[PDB]
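Taken one at a time, structure 1 and structure 2 that follow are two forms of one protein chain, written as structure tokens.
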Structure 1
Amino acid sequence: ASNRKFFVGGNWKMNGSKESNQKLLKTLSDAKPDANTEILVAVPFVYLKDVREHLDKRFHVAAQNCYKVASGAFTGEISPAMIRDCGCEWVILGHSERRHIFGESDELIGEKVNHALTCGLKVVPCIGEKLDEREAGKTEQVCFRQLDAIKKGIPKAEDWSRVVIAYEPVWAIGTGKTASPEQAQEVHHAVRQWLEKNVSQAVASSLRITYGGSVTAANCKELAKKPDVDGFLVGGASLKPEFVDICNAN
């Protein structure tokens, strides 16, 4: 056994309204507390303050992105300073959609990580390969490059305690084609040893590597059983009552 506490994230992505959210959050507060699972929701900026004040401090409330300075001439960007000013402590960075769709460079994710961590936030950097990269056998090549650019952004060694990595194969996002427990175990295993070789045994030992990619109430329990899977980043199912089931996957 390791010292890794199970971590469940719910990424709402671009979904939500006053009326939709208030019902969702009630469901969430309705479930009994579980001191054994770290639970995060990542909500749209326009709701970020409002969600935070409608959920007990037990649950982490995250922004879905941020930028890399506190203030400045960046029309339409949000800083860690503004996230904290909204009562919040978490941010998701380098989600596949920001990298592939909005084109954000491995380098830019690096700088955002650096800045977020220097401002005392906790981060969830995402990695993973596209379908075309998996058909071409570049899964390992992709994850390694992405992870190298993440460590390059880490202010100090100790700040790894405020990082949770999520591996999300892009072919598994939205597609209903969840990685098998063996497929995910294979990548998570390779991530943890890469952290051993490229970072530090102590960092590899304590880091929660979470799986993302069509996580449902029907598949979460088999994935959570695997020894290198420390949790999930849930997309679609984060908006439904079953999210509660998925929080109870371990």
Structure 2
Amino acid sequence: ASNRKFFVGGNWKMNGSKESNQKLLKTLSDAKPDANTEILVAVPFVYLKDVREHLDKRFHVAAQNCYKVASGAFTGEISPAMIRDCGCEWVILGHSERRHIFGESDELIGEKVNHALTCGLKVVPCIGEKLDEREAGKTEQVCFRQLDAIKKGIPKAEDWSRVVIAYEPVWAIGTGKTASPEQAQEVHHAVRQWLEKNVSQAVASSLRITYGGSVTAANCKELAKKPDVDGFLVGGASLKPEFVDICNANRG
């Protein structure tokens, strides 16, 4: 086999306050979840510095987005340099909400991946297909196009060491469709085969491919057991006490 460290990210999205953040982080920290699992929280920009100062170094802190240059005339945007200046080392890039609500292109995501890695951050690039794409038989076509753009952005092959991929079944998020652990495993296996052919066997065997569909305390252990599922990028559940149980998904 290959032994990839399990990775659980909690994407708070546009949620949090000084008061609610303190309560969530105390619960997570006091619970001491599975020591063998890497744990990340992706928090709103306005709380990045305070969350990183409060939270023990065991836990990673990510920004939920960044732009593709260090500074300039981009009112409202945040750079990797500003994320590092807040003491944080991670960023989520190409999240389905950024792609499909805010219209971020594959090429823009590739340029953000390039700039973040150049500045020394670690990145969680997100991929995934919509319902119309899946129904038209374009799951691999869409995912491979998105992966091509991320690969083009990797400055040097060694930098894959700082990448965690998240697959989002957008076709299942906010449609009546539900993705099964079997459907998750099928896509993750296809992504790993893509990495083997287009990057290297060494990168394919070491890279964490995490699942960004609906993850609950009730389904997390069955997903974790799948051989090509190396963890999660959790949405709504990341704000809830069940995030601790999801962090323990790979424990036994």
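For clarity, a rigid core is taken as the largest C-alpha set superposing within 1.5 Å between two forms. All residue numbers here refer to structure 1's sequence, counted from 1.
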Give the option from 163, 173, 143, 88 whose C-alpha shifts by 2 Å or more between the two structures; the alignment is on the rigid core.
-> 173
For residue 34, is the C-alpha shift between the two structures 2 Å or more after core superposition?
-> yes
Report, in Å with one decimal, the C-alpha displacement of residue 219 between the two structures after core superposition.
-> 0.2
